[PDB]
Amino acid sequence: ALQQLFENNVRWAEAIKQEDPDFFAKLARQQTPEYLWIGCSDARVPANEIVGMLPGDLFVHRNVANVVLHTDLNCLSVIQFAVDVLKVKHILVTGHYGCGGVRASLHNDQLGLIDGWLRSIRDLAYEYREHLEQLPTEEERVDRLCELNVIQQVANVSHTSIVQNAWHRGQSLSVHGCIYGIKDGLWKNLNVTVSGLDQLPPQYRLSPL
């Protein structure tokens, strides 16, 4: 039954228009978000609500386990539209604890198409096999990998020529890593923010055009 969603929508739009009749009209003229959110599709991690933003504030990409790949035009086109056209000032890479995509990459079941999508998280589980091994429970291993994943994705975003070229032309842009607790509603900073070319390892730095 989808009628509740349509009924909800009418109520919501109507309510907003009563408080500010021009709300949507004004918003529709130009798109000017300061932030891009890159997060998981997980239904429990809705971008705007978690950081108290309004329609218009947050350009959003969500995919399984918030994975960023330099050959994926889907995520990359969102990044590029955000950085080049909208000139967002911040990219918020937000993973979450208890991520099922991350959990899947730690185990050995085939889930189908998603198996290949999660490869890079599986790579992370392998390079940190010794670290993860020294954690007693599965829940801890999942959650630590969730964090490691976010930090890796922050690196991946910051290494894109999209981001580096923004910096090259003097555009101000920071890439942040955060993690959301589905258990407590808390959006936490992993404090791995990258804001300039000088923070990249030499092997990843790209010269200007």
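Residue positions are given as counts along the sequence shown, with the first one as 1.
Looking at mean Cα B-factors across 61-69 and 173-181, the upper value is held by 173-181. Of the two segments, 38-46 and 23-31, the one listed with the higher mean B-factor is 23-31 (C-alpha atoms only). Of the candidates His96, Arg119, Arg103, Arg129, it is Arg129 whose Cα B-factor is highest according to the PDB record.
The deposited CA B-factor of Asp115 belongs to the lowest third of values across its chain.
The deposited CA B-factor of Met53 belongs to the highest third of values across its chain. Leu135: CA B factor in the highest third of modelled residues in this chain (values from the PDB entry).
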